[PDB]
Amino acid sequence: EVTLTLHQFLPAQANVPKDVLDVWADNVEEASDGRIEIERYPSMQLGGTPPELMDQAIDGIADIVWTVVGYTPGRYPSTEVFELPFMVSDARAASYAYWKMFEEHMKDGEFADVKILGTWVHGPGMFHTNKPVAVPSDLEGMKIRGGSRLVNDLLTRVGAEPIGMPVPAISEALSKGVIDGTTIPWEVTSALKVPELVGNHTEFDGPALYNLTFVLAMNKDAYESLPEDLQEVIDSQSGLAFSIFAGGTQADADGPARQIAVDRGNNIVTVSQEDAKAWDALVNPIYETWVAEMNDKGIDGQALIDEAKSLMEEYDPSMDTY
């Protein structure tokens, strides 16, 4: 008999809590043969702001968290390789690449302090806005919410005023008019009532404008101090295949959410790959400043970008078992 607490920042019925974390938690419960019990706390019920979740898991406030790596900005700089503009065409391939790279580069450097169970990205990042956005010029003077320093850099370069705030705060911020719009993929839009609060959406054909990285993290001491066969049980239900499943389940949930916006009669602008090039011209210098930043930290930035593209093409869709 062991009770582990999982703390996370969205409601219990949202896509990732329901179809990724519960699934994962039940799999741990089963493979343990009812010897591990995992209690699930949503919407920061045990207290804190979403950015403190990692520290909650490192310090032992909670055993397990699902958080957004970028809410601790520049803390895990190697994850940023997947957050560069127009990097990612498939979330599964990204998550494959992310887990593989986590093991080689990150596990014992930047994530030494914590146990990582899962490394993934969401579906295509996009805009949701009070007024229409069909070309970059339309974002000039708009206050746009972003969730990470690289998204904020992206917003600056296309001419928006970036407002850093965690995702649950979006509804209140739109309602009060603190922001004119937000970045987020489709899937989380319905839990935040975004399609109710704004009437315009801007999506991209081709590689994603951006996506953000996530982890399922666990307290190290709480892991190590399990017995050897229960450690084996946690690891077995986590890691590479789990990371591929979370990314894919999260991206696949874009579809039903986009259709809820369509059903309302909201205006959705789809930017062709050809028309995306104007956006790329504005955002693509992030590649050079990011590599300069990494080099300033003694990190081979270009090697991470090359490696990440290498691994993603390499992804076969039958490394996807979970």
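Start at 1 with the first residue shown and count on from there.
K.L.:
As stated in the PDB record, which stretch has the larger average Cα B-factor, 34 to 42 or 277 to 285?
P.N.:
The entry gives the higher C-alpha B-factor average to 34 to 42.
K.L.:
Would you mind comparing 228 to 236 and 136 to 144 for me and telling me which has the higher average C-alpha temperature factor in the entry?
P.N.:
According to the PDB entry, the answer is 228 to 236.
K.L.:
Among 80, 180, 203, 104, where is the Cα B factor highest in this entry?
P.N.:
When the deposited C-alpha B-factors of 80, 180, 203, 104 are compared, 104 is largest.
K.L.:
In this PDB entry, which of 126, 121, 151, 222 has the top CA B-factor?
P.N.:
By C-alpha B-factor in the record, 222 ranks first.
K.L.:
Classify residue 175 as lowest, middle or highest third according to the C-alpha B-factor given in the PDB entry, relative to its own chain.
P.N.:
Its C-alpha B-factor, which the entry lists for residue 175, ranks in the highest third among residues of this chain.
K.L.:
Which third of the chain does residue 5 land in by C-alpha B-factor: lowest, middle or highest?
P.N.:
It falls in the middle third of the chain.
K.L.:
Relative to the other modelled residues of the same chain, rank the CA B-factor of residue 259 and answer lowest, middle or highest third.
P.N.:
Answer is middle: the recorded C-alpha B-factor places it there.
K.L.:
Relative to the other modelled residues in the chain, which third contains the C-alpha temperature factor of residue 67: lowest, middle or highest?
P.N.:
CA B-factor rank for residue 67: lowest third.
K.L.:
Where does the C-alpha B-factor of residue 50 rank in its chain, lowest, middle or highest third?
P.N.:
Lowest third - that is where residue 50 ends up once the chain's C-alpha B-factors are sorted.
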